[PDB]
Every structure is written in C-alpha cells, then in structure tokens.
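The following block contains the structure, expressed as structure tokens.
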Amino acid sequence: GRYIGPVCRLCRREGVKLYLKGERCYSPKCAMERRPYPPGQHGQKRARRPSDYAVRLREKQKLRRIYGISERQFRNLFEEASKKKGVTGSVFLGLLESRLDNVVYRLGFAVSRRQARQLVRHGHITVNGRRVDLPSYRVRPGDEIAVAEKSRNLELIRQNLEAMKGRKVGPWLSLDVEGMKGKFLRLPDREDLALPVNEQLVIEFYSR
Amino acid sequence: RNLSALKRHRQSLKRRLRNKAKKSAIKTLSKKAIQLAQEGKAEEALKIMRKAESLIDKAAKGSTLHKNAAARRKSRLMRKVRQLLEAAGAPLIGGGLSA
Amino acid sequence: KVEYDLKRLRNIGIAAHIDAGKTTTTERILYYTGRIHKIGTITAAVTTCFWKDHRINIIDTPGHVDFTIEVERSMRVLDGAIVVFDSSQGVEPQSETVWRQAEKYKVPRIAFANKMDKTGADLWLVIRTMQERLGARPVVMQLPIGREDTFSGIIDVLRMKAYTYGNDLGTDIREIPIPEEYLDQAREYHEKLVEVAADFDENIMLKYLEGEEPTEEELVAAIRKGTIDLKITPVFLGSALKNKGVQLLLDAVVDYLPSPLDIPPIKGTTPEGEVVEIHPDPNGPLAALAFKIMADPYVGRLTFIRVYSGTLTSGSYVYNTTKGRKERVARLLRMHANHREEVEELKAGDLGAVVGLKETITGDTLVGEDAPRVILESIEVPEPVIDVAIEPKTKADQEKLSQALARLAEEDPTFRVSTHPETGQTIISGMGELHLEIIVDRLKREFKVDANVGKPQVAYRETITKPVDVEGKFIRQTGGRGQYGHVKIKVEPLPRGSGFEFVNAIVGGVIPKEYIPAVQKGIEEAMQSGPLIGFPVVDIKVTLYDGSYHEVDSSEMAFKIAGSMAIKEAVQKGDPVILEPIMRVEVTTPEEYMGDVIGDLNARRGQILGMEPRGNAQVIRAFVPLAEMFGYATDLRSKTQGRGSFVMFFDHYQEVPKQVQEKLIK
RNA sequence: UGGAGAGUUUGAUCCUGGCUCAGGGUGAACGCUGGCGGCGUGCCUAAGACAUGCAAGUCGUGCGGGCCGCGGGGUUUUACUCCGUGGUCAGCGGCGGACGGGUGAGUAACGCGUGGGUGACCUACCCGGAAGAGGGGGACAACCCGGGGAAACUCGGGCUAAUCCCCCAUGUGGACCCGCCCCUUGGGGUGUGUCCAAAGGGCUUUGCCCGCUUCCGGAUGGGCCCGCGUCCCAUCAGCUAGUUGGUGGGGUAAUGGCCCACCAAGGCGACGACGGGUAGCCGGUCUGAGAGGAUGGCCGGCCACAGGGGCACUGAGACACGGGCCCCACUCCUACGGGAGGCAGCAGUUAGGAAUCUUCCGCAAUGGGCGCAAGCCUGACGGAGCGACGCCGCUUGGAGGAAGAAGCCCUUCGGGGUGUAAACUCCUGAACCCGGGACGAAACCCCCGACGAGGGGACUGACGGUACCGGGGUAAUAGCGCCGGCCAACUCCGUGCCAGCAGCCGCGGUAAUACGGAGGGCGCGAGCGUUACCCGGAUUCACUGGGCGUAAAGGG
Ligand SMILES: CC(=O)O[C@H]1C[C@@]2(C)[C@@H](C[C@@H](O)[C@H]3[C@@]4(C)CC[C@@H](O)[C@@H](C)[C@@H]4CC[C@@]32C)/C1=C(\CCC=C(C)C)C(=O)O
Ligand SMILES: Nc1nc2c(ncn2[C@@H]2O[C@H](COP(=O)(O)OP(=O)(O)O)[C@@H](O)[C@H]2O)c(=O)[nH]1
Ligand SMILES: [Mg+2]
Ligand SMILES: [Zn+2]
C-alpha cells in the first residue's frame, strides 16, 4: 500500500526538496527548509563519496518517491516503457504522468499526490462519464477528468478548485475551474515536467 | 454391484457362436473342394467350389467376413482349383470358373 | 424435533481396581440400554446409549492397575462415575485407590456391589469398609433377597418395591412384592434413607417429623440434590454376570448421576491470558477438546472430542490453537454399542469423533475458525515410577527404536524417552511395571526391534582421600621447539560437595603470566578420566605453588601437559576413592505397612531420616544409592499393597564401602 | 532495439586460472509475519494399496410378455379376462459402452517431429447420385412347470414375437477365375462363366417421417511405408538363424520373415553396430545480446498404460480404464462346494514425503450418447470451497500541525536524533448497514406458412439475492531481510579465539560499523527471508567467441 508515514523525511534524505505534502511543503518548513539533510542519527556529517551504484539507486528512489508508488508498479511501468517504441527516458515519464491519481494532482483537484489518490479512491473522480477509483488507471489523449456530482460541493474540492482561478495548468491539460472538468490534451512532454530527476540514470539503474 | 452391459457379452457369445460356424463351414467346404479339383473330379469339384463361393460372399453379408476377406478367399479357391484342373481335366460342367 | 435437552446427557466413567468388574459392568450396561425389539468390544473410546429418555456417554477403560492416567483423563472430560466394587473380596485391600483420586479432580460417583453372588459376597462388608477405608456417606439403596448363592432378586428401599430374578440370562425378572419374611428388615433403612436425605431437603425432614411420607419425587430430590455435591455415594448391587442389580442401577444412573449441565464449567485461557468459564451453550464460541486419536480402517483417522462451548458441524472448519492449524472437520461420528451413527453435529457438553483433522494429537484445543483463539486447561500430571535401560543391539535397532517412539509417543504421551546424558543408553519412562513391559512386546513385536533390557547405570565420581604433591615437568629439548613446561601442585581433598578450586600460588612468577591460564586447562581437563575406574575426579583443591620455564622452548600448551601431568598422578598417589550418588526419598505409606518399608530401606544400603505424619499416612525421608534403587516401584507398592508411593531428589556423592570399591573394577 | 561487472594467490605488479556474489525463473516447499478481491493453479514421492458414494447409457416410433392404474367388457352371467393408451420390471433385438475423463510405468523407437508415399488399404453415424425393398420357412429368452444352490446364479422340458436368424427370386450393380483393351507395382474398362441384396415401424395411411438393401462419389477419422532430425558411456567393439534375401503358402482391411515350408549365404558396424544408464516426444516454457544452454507442470497434438502378465470374442473401430478368459499378487463373502472385485475416473481414506484441496452445487450454458420428438444419462463441462502457490488491482488514511511534548538513544553535556512523526484540528469514509438487482437464454418445441426461406409465440439460471447500482457509513491490519567489503545503510552497550557469525575474503583472543541487544538507517511491503533446482554472469567446452616455448596443454 502507498507507503504511509513520515514523508517530509524523504523530502530530506534525497536532499532535493519534495512536495509530498503540498501546502505545507511551501511554507518555511518543507522540513528540508529547516533541517536540509538526511534523517537518522548521523545525517549531518561529512557524506562519503557516492558509489556509481548509490548514485543511480538514489536517483531512482527520487523519481519514484515523487509519484509515490510501489517499487513493483514502478518497475513494471519501467519495463513497459523500455519495450515501447520511443526514447525510453521520455516514455517512462509519459505513463508515470498518465496515472489518474497524478492527473488529479496536476489538474489541481488535490494539494498533494497523497491526497489526489484518496480522492480518486473514494470515487470523487470521473472519466468521460463513469467514475473511476483505481489510482493506477491510465488516462488516454482527449479525456475529461471531472469531479463527480455528489462531490462538487465539498469543502476540500472548492478551496482546491479555488486557488485554481488564475493559476495555469500544464500545456497538455485544459482545466475548467467552473465545470470542475479537465481534458488530457496531449501526452506530457520531457521539459513540461521540471523534475529534479535525471531519467538517464534511473534507466541505467535497471541496466545492472 | 453390476452393469447391464453384459447384454453386450451375452450377445457377444451368440454372434460369436453363429459366424463361428459359417466360418468353419467355408473352411472344410473350401478344402473338400480344392481336394477333388486336384484329384481329378473336374466337374464334381467345381460343383462344391461353386457352393463354397456362395457361402463365402454369403457370410460377407453379415459381420463374419467382409470386404476383401470374402473376395480374397474366393480368388484363391477358384485359383487353386483351376490350377489343379489343368492337371489334365478340362473344366467340364459349368462351374464358377469362367470359360 | 428438539431431541437435545442437555439435561438428559449422562457422561459417566466406570473406574475401579482390577479383578472388579468394570468391563463386564459395561458390556452389560449396553444390552439393557438397548435390547429394543419393537414391532417395526468397547468399540471405541466413548460410547452412547439411551436409558429411558437420556443419552449416556461411557468411557470404560480404567483398570486402575499401577498406571491410571486414562481413568483420570476420561474422568475430566466426562460428568459422573461408578466406582464398581467387588462385593466378594471382602477383606479387599485395594477396594481403595480409585475414589481417593476422583474427588482429586472433583467428580460425583455412585458405587456398585458387583459379585454379590460370589462367595464371601457381603453388601455391608463393603460399606463397613467403604466408610472405613475412604470415608464417604453411602446410602444402602437396596437389600439382597438371599445373600450370595440364594440370589433371586433385590428390593428398593427408597421406593419400597420388590424385584426378583428367575435367572441369570436376563429375561425372567419381574417385580414381585417383598417375600413374606424380610419386609421388616427394610423400614428402619427406608427411614435412614429418608433420614439421611433430610440433610438436603428440609421439606423431607419436617414431613418426616410430622407423620407424612416424602413424595417419591422430592425424596429423590434430596438424595440427588446432595449426591451431586460429592456428599452422598448411593451404593447399589448386583451380579453383573447373572444380570442382577443392573437395570435397577441404570435408573441409579440418571436419577442421581449428574447431567453435563449439573457440572461446574471448564476453565481455559484467551490469547491475552486470563481464565474464563466455557459455558455449555450450543450457541457460544466453538471450543472443545480432543483426547483419544484412533486409526479406523474404514474412516481413517478419528479424533474423539468433548465440547464445552458452541457446536461442531458436519462439513465445517475448525482451528487447532495448540498446534496452530486449520483442521477441516469433514464428518462427525457417534460410537454406538453396535454401529457407527453418522450424526450431523456435536453441541457443547456432548462428545464424539470428528473424521478428518491431522495435527490434532492428545488433548488439543480447537476453536471456531474465527472464534477467540483460546486454549483450555487439561494440564494433568501423571509422571513416571518405573524406568529401564534399552540399548538397541547393533547400531541397527537404534533406528527401529527411533521410529519406535515417534509413533509410540504420540499414541501414548504418558511415558518419557530421554537419552542418558552421560552414557548413550536411552531411558524408557513408565507408569509402573506393566507400562514398560507391554511397550516391550509391541516396540519389540509391532516394531520388530530386538534391543537390550538390563538396568540403568550410576554416575560415580573419582577422587581421593589423602593430600599429595607430585612433580609436573615435561621438557623435550632435542633442538628447537623445545617444549619446556614444568610445574608442581598441592592437591588436597575437600568436603563431599566442594568442586574445583585451583590456586595460582607462584612467588615472583617462575611460571609466566601468559602461561598460568593454559595451565588451568590442563589440570581441569585432565581431571576427566579418573585414577580408578575413570570418572570425573571432583571434590578437590589444586594449588600450583611451584614450576619453572624456558626462554624459547616453553609453549601456550607445553604448560598444558605440565599441569595435566601434575593432576594425572596427585590423585593416584593420594589414594583414589570411588564416590557414588545418594538420592533422597519419601514413601507416603500407611503406618500399617510402615514396619517393613523402613526396614527394606536399610536392607537397601540406605539410612532413614524421619517420619512426620501426613493425612492418614506417614512420609519417610532417607538416602539410597542408585544402584540399589532400581525397580523400587514394584517393591514399595509391594510392602504396602499399592498403598505406597514415593518421590526422589539428588543430594550428594559418597565413598563406596571398600567392598563396593573392589567390585567396580569392571 | 541489443551485451555493465565485482571479491579472492603478492610486500607490490602483470598474466593464467579456480572458487564465490549481485539478475531472472519454479506445480515449490521451510521460517517470521499476514487484511480484501479478481484470474490462474495445487501428490513433482509409492505406476503402493484402498472403506463409501457417484462417474454410461438410452430408444414402447423394433418385439412378445410380467405387474399396476384406466376404458369397453368380451358370452346371455364371472367364463377361453380380448382390445386401444400411459406408468413399470426385466428379456429380447438397436445404436452407444473404442468418445469423453486419468497417468507417465514403459519406450532411444518411424514412439515423436517434419515432409512425403500409398497401382498396398479401412472408415459406423453424416452429405449428394443410381436402383431396389418379391416370396416364403425358422429358432431363444421373456413366460409356465420341474430340478441343483448358502450365495453368485444354473440346468431340463414346453410355448412365442421382431428391424434376430435362414432358404428361393429380381438383380440396377458389385465380388471372383480366364481372355482382350487402355493404363502402368494390385488403376480403369469389356466378353463367357459363377456368386450376393434386403426390415419393418409411426401418422393425419396410394403421401409423408424414421428406418432398411446393393453400388458409385464426398467429408471426417484412421492403418501401414519412407527421407531427414531425435541423450550419456568405448573403461560396451564386434552383433546376427527367422538372422539377410528368394520361391510358394498362410494371415490381414492391406504391404512385409508378420508367420510356415524349402532353397541361397547373407544382413549390420568406428558415418559407433551390439550392450549398459537415463527419458514419454512435440507446440511450447525459463534464461540468454545472441548463438546456445536447460526444460516438457497447467492448455493443445501424438504415443503408451490401466493391479503384473498372456489371450482372443463381439464389432465400422478394441485386442477394450468402470467387457470377457486364464496365471500370479492383494481385498471381501463362504453353508468353505465355490463366489465378487480393480480410483493412473470425481471427491475422499491410508502409506510414503519437506510437500499438493471438498466424500461441495448444477446439467442454467457448451459438448457428447440414445430418441421422430417429448426427454433421459452425462464427477466432460459450468461454478462454488480451501491454500498469499503465482500474477494483477486495493486498503490500513488525507490536509493542517512545534525552531520541535514525552519516552528512548547518542552527546564535547551546549545539544543532537526519533520528527510532522505523534498529539491535537477539521474531512473522505474500507468494513458494515437498509433498498434495488443482472448479462450469460435463445434455440430444441408450438402456431402461420409448404414440417423450405422467412414471420410470430412460449418454457428455460447452478454460480446468486452474488456482481453491480442508489442511500446510510466507523480512522479502520504491518511486517520481514539487511546495515565490514562486494552492497545501498553506524553509533552505544554487552562480550573477550568465549559465545557465536559466515555466499566468498574472513570477523571474535577487553574500546568489534563483522558476534548478541538497543537507538538509528537502507531495501521492499501482505509480504520478507532461507533451502533446493535451471539459465546468466562463465569468450570458464569458445559455431558466434579460447588455447598448447616456461602458466593445463605437441603425440619419441
Ligand atoms: C481396552 C481398555 O479399556 O484398556 C486396555 C487398553 C489399554 C488401556 C490396556 C492397558 C495399556 O496397554 C494401555 C496403553 C496405555 C499401554 C501403552 C500403549 O500401548 C498405549 C497405546 C495403550 C493405550 C490403551 C491400553 C492398551 C488395557 C488393559 C490392559 C490390561 C492388561 C493386563 C495384563 C491386565 C485393561 O483395560 O485392563
Ligand atoms: N461371580 C461374578 N463374577 C463377576 C461378576 N462381574 C464380573 N465378574 C468377573 O470379574 C472378572 C474380571 O472382570 P473385568 O470386568 O474384566 O475386570 P476389570 O477389567 O478389572 O473390570 C471376570 O472373571 C468376570 O467374569 C459378577 O457379578 N459375579
Ligand atoms: Mg477391564
Ligand atoms: Zn516536505
């Protein structure tokens, strides 16, 4: 099950600030903001030079903890992107991004991905009509990801759908704050995702 | 304890007992035949053999012999017979052997 | 279509001393409880019968003989009991034992006067002992029409009805009123019954002192109200062989014998830890016990069980908490005196066999497949009394004897197999001479193993008497790895129970710091194989006081032999004494047989320590060798006629009588 | 669209080289944990034995009866109890029990795989074409009587029916011997001779329906034959008498030493015969950059076997898994004179083993046998159950929230860690509740038509009140491995070459990042580890892709 537990901890360790919390992570306290360094007892000590391995494992975890997903699924998705025709680097991200529980986060119906998931799970979401509750569900090109109706008027939805009025949503997504809808225009592109992750390393991770 | 398929065995015995007879008949008969044929009984041999022939095809009707089983037996009877009647005899009476 | 009231369930046990009648008592119980005829082998552990609208669950096997454990387990699991008594054996020395062990668990029991037709057959003779030996409050329920040979019929006191038997084939019985004479003999007694029964109902007491007769319905109420309290013990009678006193003892059952309800609820423990009453509710969590496993050639593996709570069902799923297993109860079965009744369930308080299940062995707890994964009590404690030395011939029968107790320790966990932790040989634990002997027929026959049957050994202890001082040199200088370790000690005997005390008594240090450590491994080690027979040379004090060395030749071990050569002769020059193990004991024996018990303890190399009264007997303390201890369970039970039991704990080691010192040179 | 290496011989180096590790896989087991669902899958060992139940039958539209319930009663009354139809019981006859289902013992072999040959053959039922169905006789059960038996059943008289059997006819036409013609291994013609057909039921009754007989053709399923491919051992080198060939017989549906008689000496073998070990073969499966290496469970094909072994019978087909005979071994009954049996069918029992399930529901669907149909049988099949055995999806919560409680650990005692983690604050609401609730099922049949097309009508759910849908709805399960190097992730205390660790190098002998605990950390998560076994790494058997002066290796 989707990890669970101290996250603004991973925020640390990886040393590259993460928005695993959404709102808070922005305030002067993504944790990494106050104590920017690997947890544990040692944490704040002269870090030995990373091994060729350590590096790639670390970059993989980084990318995986972003989308908060089990190592199993992460790998399958990887192995899938590989055999797929196209630059595996981009493709991998391609599907990673198609995760419904993620398209929810992106479209703004959720502050964190952790949240976006619970929403998707509790059928508060819909796909071109019928509602879906499988985080893993993968969005195709030209779909409407709306908030169900029983949902529409629920504190959370609003507030979140509120900070929206103004802010823009990725070039591969069109959102209608009102109708609380949202289309998955085209498949996200390489740069469109300003991730602090280098795929080429993660790729090389699964090469060993 | 049991299965009424023995009906098939009972029947088995019968059918067996039946063609078991016409079976042996065509045999002894087939011999009484080739016997004379070789012996010299030209026409009185053909006679028997002409009878043998019947019995054969006759049993071919049922499940005794069938297909060539009949035909094969024939082609040999009236093959060894004709090949014994030339032991100086000329096919006298109108046996099965064709002119 | 109820058919199950619970208040009609009678789970009794027929327990008594041998000879008695137990078995003959039952094959008969099951002839009356079911001769039906209407115009229309102890085949398994527990069997059911129906006597005038009551289901009886009997578990006849007792025997009493040396080993009980089976009599005491059935007892647990079942409600009532019938301590059958041989009316004949009057000067009966073992009428006892049995009962004195029943209230020992807490269970009600009537008594039966069996061979009333056999010479010396006297009814009172037993009550004149049933209250003289044990001390209960029995109630002569019947009287004999003709004592012993003249056994025609019997008469009920409580109900004043006469009964007669025209034979012993069990056919021409009938109920003919009291025969001319007798009659009078009754009254006084039918009043003493209506007098004893007054200690229960104050309603059968006042009407007694007013002039009214207590109704046949309440009178029994008194009798039964109190029988079940373990106060009264309704004694009846009848030649189980000639069919007399049976069909009237079968009423004796139901009428005074407890029902599963009438009995005090089981205790167990939850996964957390805490007692709890297992309520005999056919709708409470499922939780029963399994006791007697069996191998039926027809239904495979059977597992007899007694339910305390909930109900088991045909085609269900249980779970053995004892051995963490999801057993599958696939079919249930009730053992009938002549057939297999395939019922569909065992509601609490009832017992039977569940076909299926694998892991479930003797006394396991099975709860519903979800119910509180608890584990009942059961905890019995019948340890051993007689053990043997079993040496499996060549190293071949030591493998036929290994799979000999791997199926004979699950089929009877009332013994203990343990390899003598000092000299190979394995010790077979028994509950008497009969226990080990018959394991010796089957483990030797049904297992075809043919090992040895001699007797256990004794763990002696080499040592000395006089303090000596020998040299501890070694030196081997030919040219190089020299090997130079020299020492000199002070070996002196200490009290019989001192141990090992080494002394690092070197002045300036003629034997290096590094080398005194490994010089203690040579003295301590070498003490292993004694200077007489070769046993642990203990009870001495070593005192390394001298010994020198060399600059190159010395070793971390060359000094190992140096101190091992000083101990290997200080005990040989200091007169070696062969000590032995003396066990403390206590024979709870009636001071009646106490004369020959304490004597025997002396003609047995030992010396007696005391006798402080206990209960109605008296315990004897002392010490005995262990060579002269073997097979004492059939020597103590001998000088006391079964009325003797003993314990045993180690103590000390002590020299052999100088005459058991020139013997041990084997 | 595809290739990563590292640790270990030395004081140090380079090379050769072996060992070892990281990856993936499994019908799996074992350990510690363990919540939901879907789809798969579950005796790999004893091809050891097996209690119980069920797994193969069905047609009254083939025939005669026995028994039971209806008509009308045969005659003038019950009489020689007849008739027409609907239940039944067994007997006749008809198909089907040769398919379906199980298993891998055997088998190194035309067994299998593949591609072909049948001038060397077969094929019930199913299609299309041609011609027929004419007379006659005849038995055996059933049944009645009588006899033997413990039982299983069995024997003897005497009836009797039929699509059972038999004789005569007609032979479209086919089968044979001979001759001629075309052809070319026995393939088509054609003349003389000879020989062979057949059955009757139901109705709405000179017309249909189901059958029959002969012949030709199709379709499907096969038998036999052949080229090539099909493991280890030369420390198995020689093998062979029905052996190799021939002639003539027998035999078969058919070729052939497949058998027999008599001739002739031949057939086979380092291109590995013969012998020994092992094994069911394939589609595929796992691994692999590939070449290759292992493997052959579930699903599909072929084979082989039904306690061990031999053998025929019936039949289109079997040398028959719930058929038969006999031998042997085992199980049971026995009146001891003789009888009944075969779970490698479904479920289960026991034994063995480290280990592998319910004596479940339904014929609703698909498929099969029988039947004109109605319908019947169907442990095949469609489902359910149990097991993290596997794979996929999901939950154990979401947003807030301290320059940061307590406890615990570390500390230069300033403080640092656990850590937004908790608490606490709101909000969604697995579970669980009331209510609704299937798809799979539309034909066979019935009515119109013409019992053709086409049109219309009706009966049919084991799973299942399950899935799913709407409303109501409580913060509601985490372990396990590891933390010296390979290899991610370290401090304190115990301990003192002890206790123990350990895949390799090695760690442990008073300050151990290596043992044991704790705090902390890393990986992964209803799983995590261990053990077996296979491929990889191992260009370490090298075809791709190696070597032989001294490293192993040049033959005197
Ligand atoms: C049947 C019954 O109820 O008891 C029977 C059965 C009995 C209790 C037996 C005594 C003893 O073996 C018992 C032991 C514990 C013996 C040891 C193992 O083998 C056990 C598996 C066995 C179980 C029952 C058994 C076998 C009995 C006897 C034996 C009497 C012997 C003599 C010489 C008087 C009895 O009852 O007298
Ligand atoms: N004379 C007589 N003998 C009896 C009677 N009951 C039992 N017995 C005998 O007692 C002996 C042992 O009986 P059993 O029940 O086997 O003894 P248990 O095993 O100790 O109960 C046998 O000889 C029986 O016949 C009785 O009523 N009268
Ligand atoms: Mg007895
Ligand atoms: Zn953060």
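We did not get these values from a lab; they are worked out from the coordinates using the rules stated. Note that we place each Cβ from the backbone using ideal geometry, even for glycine, and neighbour counts take in every protein chain shown.
Would you mind counting up the charge near C:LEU579? Only other residues with Cβ under 11 Å from its Cβ, with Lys and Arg at +1 and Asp and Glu at -1.
Net of charged neighbours comes to -2.
Could you work out the helix-only [θ] at 222 nm for chain C, with each DSSP H run of four or more residues adding -39,500 (n - 2.57) and the total divided by the number of residues, to the nearest 500 deg cm²/dmol?
When only DSSP H runs of four or more count, the value is -4000 deg cm²/dmol.
Still on this structure: What Kirkwood radius, in Å to one decimal, follows from the Cα pairs of the stretch A:97-184?
12.4 Å
Here's a follow-up. Kirkwood Rh over Cα pairs of the protein assembly as shown into Stokes-Einstein at 37 °C, 0.692 mPa s: D in µm²/s?
This corresponds to a translational diffusion coefficient of 81 µm²/s.
Putting +1 on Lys and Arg Cβ atoms and -1 on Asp and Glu Cβ atoms, find which of C:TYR208, C:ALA162, C:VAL196 reaches farthest to the positive end of the dipole of the stretch C:156-211.
Result: C:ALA162, furthest along the dipole toward the positive end.
Dividing the Cα radius of gyration by the Kirkwood radius, what Rg/Rh value follows for chain C?
Result: Rg/Rh = 1.13.
Taking every Cα atom in chain B, find the radius of gyration and the maximum pairwise distance Dmax, and write them in Å.
17.5, 68
Also, I was wondering about something else. Using only Cα atoms and rounding to the nearest 10 degrees, what angle (0 to 90) does helix B:42-61 make with the longest principal axis of chain B?
Helix B:42-61 sits at roughly 20 degrees to that axis.
Take each of the peptides C:258-270, A:184-196, average the number of other beta-carbon atoms within 10 Å over its residues, and list them starting from the highest.
The most tightly packed comes first, giving C:258-270, A:184-196.
So how tilted is helix A:52-66 from the main axis of chain A? Cα-based, degrees 0 to 90, rounded to 10.
For A:52-66 against chain A, the angle is about 20 degrees.
Below 11 angstrom from the Cβ of A:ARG138, what's the summed charge of the other residues (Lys, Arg +1; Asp, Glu -1)?
Around A:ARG138, the charge tally is -2.
Roughly how many whole Å is it from the C-alpha centroid of the stretch A:42-79 to that of the stretch C:326-389?
So the separation of the two Cα centres works out to 55 Å.
Just report the Cα centroid separation between the stretch C:401-446 and the stretch C:608-663, whole Å.
When both Cα centres are located, 24 Å separates them.
By per-residue mean of other Cβ atoms within 10 Å, what is the highest-first order of A:117-128, C:167-178, C:638-649?
Descending mean neighbour count gives A:117-128, C:638-649, C:167-178.
In sequence order, what are the phi-derived ³J(HN,Hα) couplings for the stretch B:21-32 according to the Karplus relation 6.51 cos²θ - 1.76 cosθ + 1.60 with θ = phi - 60°, rounded to whole Hz, with x for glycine and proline?
7, 3, 5, 4, 4, 3, 5, 3, 4, 4, 7, 3
Follow-up question, since we're still on this one. Relative to the longest principal axis of the C-alpha atoms of chain B, give the angle of the C-alpha long axis of helix B:67-80, reported between 0 and 90° and rounded to the nearest 10°.
30 degrees
What is the Cα centroid distance between the stretch B:27-76 and the stretch C:212-247, reported in whole angstrom?
For the stretch B:27-76 versus the stretch C:212-247, the Cα centre distance is 101 Å.
Hey, another quick one. How big is the charge dipole of the protein assembly as shown about its Cα centre, in debye rounded to the nearest 20, if each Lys and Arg gets +1 on its Cβ and each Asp and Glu gets -1 on its Cβ?
11380 debye
Using the Cα centre as the reference, give the magnitude of the dipole from point charges on the C-beta atoms of the stretch C:1-263 (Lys, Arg: +1; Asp, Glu: -1; all else neutral), rounded to the nearest 20 debye.
That gives a dipole near 980 debye.
Going by amide H atoms built from the backbone, whose H comes under 5 Å of the H on C:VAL417, apart from near neighbours?
Amide H neighbours of C:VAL417: C:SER429.
By DSSP, what percent of the beta bridges with both residues in chain C are antiparallel, rounded to the nearest 5?
80 percent
Using the Kirkwood formula over every pair of different C-alpha atoms, what hydrodynamic radius in Å results for the stretch C:580-666?
Evaluated on the stretch C:580-666, it is 13.5 Å.
Here's another thing I want to ask about it. Packing-wise, with mean Cβ within 10 Å as the measure, how do A:103-111, C:313-321 rank, highest first?
A:103-111, C:313-321
Further question on the same structure: Which one, A:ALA47, A:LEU77, A:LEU57, is farthest towards the positive end of the dipole of chain A when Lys and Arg carry +1 and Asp and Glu -1 on their Cβ?
A:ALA47
Projecting each Cα onto the charge dipole of the protein assembly as shown (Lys/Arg +1, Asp/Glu -1 at the beta carbon, about the Cα centre), which of C:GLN607, C:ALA222, C:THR61 comes out farthest on the positive side?
After comparing all options, I get C:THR61.
Let me ask you something else. Each residue of the stretch C:660-666 in order: what ³J(HN,Hα) in whole Hz does its phi give by Karplus 6.51 cos²θ - 1.76 cosθ + 1.60, θ = phi - 60°, with x for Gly and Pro?
10, 10, 9, 8, 4, 6, 10
Give me the dipole magnitude in Debye, nearest 20, for the stretch C:19-155 about the Cα centre, with unit charges on the beta carbon: positive for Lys and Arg, negative for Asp and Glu.
The dipole magnitude comes to about 520 debye.
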